[PDB]
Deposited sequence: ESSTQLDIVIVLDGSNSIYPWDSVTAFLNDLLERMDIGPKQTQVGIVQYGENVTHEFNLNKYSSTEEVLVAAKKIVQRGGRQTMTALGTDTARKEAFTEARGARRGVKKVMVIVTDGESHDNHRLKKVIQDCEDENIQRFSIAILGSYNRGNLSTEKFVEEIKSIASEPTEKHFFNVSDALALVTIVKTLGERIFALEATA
């Protein structure tokens, strides 16, 4: 079984949001979701950090797909990637939100910029590592220094980086990595 938490940058720079929910749809529809199968929770970060839903909120794929479609962009003026990932680690992956004893933890992080809470990102990744959270990270290169941005997001991805890290040209391109992402998550 797998407990998957998808951690989405929902700040204003992310656009169009319908591409992000499309990526959610395409990704989730490759999964059997339920209490003895895969679970998904989703965290949105920006000016707030919000649990769109918990890991144990939904017991079928059909239910998750309907929920994901109603996730709206909550906005924000900065890239709060440290805060998002840490909130996911410390809160989404808890027993009270459906994390299952002994079940492997998996995080999928999607953003388009270098983080403004950059100082503490190394610490957050360090904690995730100690808690054996497998991390997939996705950098959206163009919005409607890229190098430092890319290397930051690469640095969130688990080893091997070549399997855990993705970059795409824009939000519309997120659906194009879903198949590979899905295969890799299930190893």
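Trainee: Would you mind checking the deposited sequence against the model and listing the stretches with no C-alpha coordinates?
Mentor: According to the record, the gaps fall at 1-4, 149-153, 197-201.
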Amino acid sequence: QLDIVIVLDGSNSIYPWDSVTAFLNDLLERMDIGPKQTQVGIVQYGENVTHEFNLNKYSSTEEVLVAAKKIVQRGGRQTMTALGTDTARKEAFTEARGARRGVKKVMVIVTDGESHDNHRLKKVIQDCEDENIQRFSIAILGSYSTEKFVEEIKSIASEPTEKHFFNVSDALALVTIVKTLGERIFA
From here on, numbers count along this sequence of modelled residues.
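Trainee: Averaging only over Cα atoms, indicate whether 159-167 or 13-21 has the higher B-factor in the PDB entry.
Mentor: Higher mean C-alpha B-factor in the PDB entry: 159-167.
Trainee: If you average the CA temperature factors over each stretch, which comes out higher, 135-143 or 118-126?
Mentor: The recorded data point to 118-126.
Trainee: For the listed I4, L181, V7, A187, which has the peak Cα B-factor recorded in the PDB entry?
Mentor: Within the set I4, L181, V7, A187, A187 shows the top C-alpha B-factor.
Trainee: Whose C-alpha has the highest temperature factor in the PDB entry: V72, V110, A96, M107?
Mentor: That would be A96, according to the entry.
Trainee: Split into thirds by Cα B-factor across the chain's modelled residues, where does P35 land: lowest, middle or highest?
Mentor: As the PDB entry reports it, the C-alpha B-factor of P35 lands in the highest third of its chain.
Trainee: Going by the CA temperature factor in the PDB record, which third of the chain does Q44 belong to: lowest, middle or highest?
Mentor: As the PDB entry reports it, the C-alpha B-factor of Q44 lands in the lowest third of its chain.
Trainee: Using the temperature factors of the C-alpha atoms in this entry, rank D26 within its chain: lowest, middle or highest third.
Mentor: According to the entry, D26 has a C-alpha B-factor in the chain's lowest third.
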